[PDB]
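> Sequence, then the experimental structure. Questions to follow.
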Amino acid sequence: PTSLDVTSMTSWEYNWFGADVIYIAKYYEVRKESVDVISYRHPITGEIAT
Amino acid sequence: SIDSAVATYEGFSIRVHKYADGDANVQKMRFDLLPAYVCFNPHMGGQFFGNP
Amino acid sequence: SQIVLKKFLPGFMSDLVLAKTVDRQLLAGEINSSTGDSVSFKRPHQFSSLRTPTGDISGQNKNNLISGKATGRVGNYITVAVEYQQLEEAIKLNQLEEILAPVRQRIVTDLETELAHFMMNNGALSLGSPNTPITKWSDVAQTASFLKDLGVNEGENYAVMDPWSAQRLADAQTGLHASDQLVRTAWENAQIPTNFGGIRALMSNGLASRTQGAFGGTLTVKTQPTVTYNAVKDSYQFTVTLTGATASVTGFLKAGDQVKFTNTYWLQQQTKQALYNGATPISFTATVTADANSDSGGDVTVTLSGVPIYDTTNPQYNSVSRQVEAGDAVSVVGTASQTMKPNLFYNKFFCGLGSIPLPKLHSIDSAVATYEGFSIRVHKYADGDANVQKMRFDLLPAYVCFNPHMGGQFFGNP
């Protein structure tokens, strides 16, 4: 079944008739993570490449 | 001149009142909600049990 | 009789030296919402050697391990409140800032008066006869000599006297024979130096005073008290009963009196050897905590601070030459019921002090006023509709006594 987010924000002085709306949200995070970089150092056509 | 806010739980709004008594050095809080009910048509509902 | 100046006349102000000298380091931000209404510290350990021709410790017994505590608790509220008619109060007193000046100083004065009361109620060591004032150089140097003799090193020592004493000491200093700087300073400013006799001397005008309390009759101990280290490892307080007192007197022993046990002497806490005061041994003394009465038969039960530990299974914690036992002879220093202002001498790690922040009351306008590092919460409300405003000021301190054997009272001797 569908469970929607609750905000109690709108309907403030407005007539509501459509109960066929479900509220979905997108959530963003920024994280600092450990990643391993591989340095392909083939001399042909530039050498330093990480 | 009273600190107040609005809470939300499952689409329902609850108001928060925070106030204190000066002489007794006590704080107190109270939470409020006011519901309402109607009955459109009694011929559109009831209680069902397993028949014999 | 109509025009009034906007500048108030000057008033009287006490001085603050007591708060600046006590230890405000160990206890600071420790009574939080998680700790509760009390917190405790640890205590050092002591060990005792066993001497044998060959080191057979078999069956001899070994040093046990006992750990102590030193609990600090909070006090009552320091509250001053006023009420007024705002029509009359706002006649010539704008912004209500006139009240601020003479309330914070009142709060601090009460705090330090009761702090002095606490220290002279809990301090143990005593010196000289109470009647005799301070007159010469030795009367101040004796405190430093005693503190050094006991063995306290880690810390710093102080001594607080009254305005009149310093003048008698500076008058004495004016009689020096070779120090031009000292004589000149005493003659001009009448100011004594910092280190006087090896202990830092201080002068304070606002200092608490106590009443002796009527006593009469050759007192003596009736029942052997319990002074084992197990009992007194948390509070350094013991209860003892007296006999041979007066028939029926209320207020037989007030708070702050010193009871002396004649035949039990102090000990050098490390070397465990008796203390010898040049020509006579030093006797043990303890301070009364709360008021005690005397009932029929002359039986007085009193609570004393400072314990003469003579544990027989834990010899390493001894602090007295011999065990106090029944039939001992005791006496109370001073006269019958005179009132005197004592002089205090103490180490740094003798009494703590702190303050607990207070949150603002909900839906009430407030402010914070700071004075000598103490924050005062002031509130305003208008209870009652008869033009009756109200303001209140709050402060909540906390105290702790670490070791009663590192301070007390002192006077002069003839």
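Alright, I've got the coordinates. Residues are numbered from 1 along each chain as shown, chains lettered A, B, ... in the order given.

> from here on, contacts and neighbour counts on C-alpha atoms
Will do.

> Nearest to chain A: which residue in chain B?
residue B:11 (5.0 Å; C-alpha to the nearest C-alpha).

> contacting residues for the closest residue to that residue other than its chain neighbours?
Closest residue to residue B:11 apart from its sequence neighbours, by C-alpha to C-alpha, 6 or more residues apart in numbering or on different chains: residue A:6 at 5.0 Å. With contacts defined as C-alpha atoms under 8 Å, 6 or more residues apart in numbering or on different chains, residue A:6 is in contact with A:23, B:8-11.

> element containing residue A:6, please.
For residue A:6, there is no host helix or strand (DSSP states H and E).

> What does it show for phi and psi?
phi -120, psi 130 (degrees, to the nearest 10).

> try residue B:42
Dihedral angles for residue B:42 - degrees, to the nearest 10 - are phi -60, psi -20.

> Just give the number of residues close to residue A:21.
7 (other C-alpha atoms under 10 Å in any protein chain shown).

> Which positions in chain B make contact with chain C?
B:1-3, B:18-22, B:25-27 (C-alpha under 8 Å from any C-alpha of the partner chain).

> Please look at residue B:20 and residue B:30 and confirm they touch.
No. Applying C-alpha atoms under 8 Å as the test, residue B:20 and residue B:30 come out as separate, 11.2 Å apart.

> Between the two, point out the one with more neighbours.
Neighbours per residue (other C-alpha under 10 Å) separate residue B:20 from residue B:30, with residue B:20 holding more: 17 against 9.

> next structured bit after the helix or strand hosting the more buried one?
Secondary structure assignment for residue B:20, by DSSP H and E: strand B:12-21. Downstream of strand B:12-21, the next assigned helix or strand under DSSP H and E is strand B:26-32.

> Would you list the strands that that next one pairs with, along with their directions?
Applying DSSP bridges to the sheet, strand B:26-32 is found paired with strand B:12-21 (antiparallel).

> Tell me, how many residues neighbour the residue in chain B positioned nearest to chain C?
Using C-alpha to the nearest C-alpha, the single residue of chain B nearest to chain C is residue B:19, 4.7 Å away. Other residues lying near residue B:19 total 18 when counted by other C-alpha under 10 Å.

> one step back: send over the strand holding residue B:20 as CSV, restricted to the C-alpha atoms.
C-alpha atoms of strand B:12-21 as CSV (Å, rounded to 0.1, in the frame of the first residue of the first chain):
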residue,chain,number,x,y,z
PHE,B,12,-2.8,15.7,12.1
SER,B,13,-1.9,19.0,13.7
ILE,B,14,-1.1,19.3,17.4
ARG,B,15,-0.3,22.6,19.1
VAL,B,16,2.3,23.1,21.8
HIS,B,17,2.0,25.6,24.7
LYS,B,18,5.0,26.2,26.9
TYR,B,19,4.6,28.5,29.9
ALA,B,20,5.8,28.8,33.5
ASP,B,21,4.7,30.1,36.9
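
> Give me the residues contacting that strand.
The set of residues external to strand B:12-21 that reach it, using C-alpha under 8 Å, 6+ apart, is A:8, B:2-8, B:26-33, C:361-364.

> How much space separates the residue nearest in space to the middle of chain A from chain B?
When C-alpha atoms, centre = their mean is applied to chain A, the residue found nearest the centroid is residue A:28 (4.0 Å). Distance, residue A:28 to chain B, by C-alpha to the nearest C-alpha, to the nearest Å: 23 Å.

> Is there a quick ChimeraX command that grabs whichever of the residues of chain B next to chain C are buried?
Listed next is the ChimeraX selection for buried residues among these, using 16 or more other C-alpha atoms under 10 Å in any protein chain shown:
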select /B:18,19,20,22
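
> Turn the residues of chain B next to chain C into TSV, including distance to residue A:39.
Formatted as TSV, the residues of chain B next to chain C follow (distance: C-alpha to C-alpha, whole Å):
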residue	distance to residue A:39
B:1	65
B:2	64
B:3	60
B:18	61
B:19	64
B:20	66
B:21	69
B:22	70
B:25	68
B:26	67
B:27	64
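
> from the residues of chain B next to chain C, which is closest to residue A:32?
residue B:3 (39.2 Å; C-alpha to C-alpha).

> Who does that closest one form a beta bridge with?
residue B:18.

> got the contact list for it?
Counted by C-alpha under 8 Å, 6+ apart, residue B:3 has contacts B:17-19, C:362-363.

> do the same with residue B:4
B:15-18.

> rerun at 7 Å
Residues near residue B:4 by C-alpha atoms under 7 Å, 6 or more residues apart in numbering or on different chains: B:16-18.

> now the strands: where do they sit in chain A?
For chain A, strands defined by DSSP state E do not occur.

> Name the residue of it that lies nearest to chain B.
For chain A, C-alpha to the nearest C-alpha, closest residue to chain B: residue A:6, 5.0 Å.

> Skip the chain neighbours and tell me the closest residue to the residue nearest the centre of chain B.
When C-alpha atoms, centre = their mean is applied to chain B, the residue found nearest the centroid is residue B:33 (2.8 Å). In space, residue B:33 comes closest to residue B:14 once its chain neighbours are excluded; the distance is 5.6 Å by C-alpha to C-alpha, 6+ apart.
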